[PDB]
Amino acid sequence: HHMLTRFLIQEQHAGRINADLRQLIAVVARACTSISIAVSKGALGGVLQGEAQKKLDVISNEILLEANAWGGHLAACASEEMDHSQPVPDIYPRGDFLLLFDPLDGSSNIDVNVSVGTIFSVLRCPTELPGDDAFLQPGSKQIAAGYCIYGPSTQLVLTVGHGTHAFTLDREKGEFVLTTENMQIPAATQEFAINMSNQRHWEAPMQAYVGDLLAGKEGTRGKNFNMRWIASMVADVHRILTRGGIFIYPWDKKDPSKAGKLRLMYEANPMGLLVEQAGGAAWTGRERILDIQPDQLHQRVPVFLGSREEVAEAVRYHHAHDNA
């Protein structure tokens, strides 16, 4: 059994991460392990709802505002629940990392015992007193991204720029163990995850693309598709990282001013990096997600994730519509 701790040390010896980033990823993994234990207790733990999300915000903020006492090397932190990033305390040393944290992904499933998750992303603080504006970096500047999925088992999935790697929580030991090295997303797929209840709100190339999925063998695609919609992004992506697929949360006309539903800095960029590092693709329908220069901390963006040939197909429907 190859422990996460030995894995991160090997990553330092290979020269892919320094000691500071290894220790920060350790703080996060311990935080996710704490979240895992609370979620695992269900209604017996008191965490089990907007109240469930607030309690995980509490557990997340506590661990992460003491993170520098235990090797976080953080300059600043940004939580999906808060409007602005928060500075690190003066009582502990400051480091050169910006952490973005999504404590509870898949909030509508917290009460109904479907897998939920935590998403995190690590940027570098530009070469002090970092503020909101220091977080506005393209996804390609992430130095680490990952999620922890709380399901029948607890799994940490991470990348530091050299592939995407899955670890399973050994509950007896309280430690993560490497269980899938170098996750690989097959280039093609017959499985799509999209919220089909939003069909009438999508723009035309999006409706044309899905309509062809439905037509299957009887349509231009020549093969039949199947679908899932878990409404935990972490669960849908975890399936895609395991056996391929496409996940889509596109623009829709319900809130026309909103560029999308998922947030660029907290969800699209970290999941996008994991997917690319597993050979997947991560696009808005029209452009590469990781190259967007963010304008605001909480910017929304359409998300097309997964098997790269299928993302390429979906992108083509959009470019062909724009060019018609």
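So that there is no doubt, residue numbering starts at 1 and follows the sequence shown.
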Legend entry - Between residue 38 and residue 39 - deposited residues without coordinates, as a size class: none
Inset, instruction - Quick one: say whether 134-142 or 198-206 has the higher mean Cα B-factor in the deposited entry. - result: 134-142
Inset, instruction - Would you determine, from the values in the PDB entry, which of 13-21 and 310-318 has the greater average C-alpha temperature factor? - result: 13-21
Inset, instruction - Would you mind checking which of 221, 228, 124, 243 has the top Cα temperature factor in the PDB entry? - result: 124
Inset, instruction - By the entry's C-alpha temperature factors, tell me which of 170, 111, 102, 90 sits highest. - result: 90
Legend entry - Among modelled residues of the same chain, the CA temperature factor third for residue 270: lowest
Inset, instruction - Taking the chain's C-alpha temperature factors as the reference, tell me which third residue 97 falls into: lowest, middle or highest. - result: highest
Legend entry - Ranked against its chain, the third holding the CA B-factor of residue 291: middle
Inset, instruction - Could you tell me which third, lowest, middle or highest, the C-alpha B-factor of residue 26 occupies within its chain? - result: middle
Inset, instruction - Among all modelled residues of this chain, ranked by Cα B factor, put residue 151 in the bottom, middle or top third, i.e. lowest, middle or highest. - result: lowest
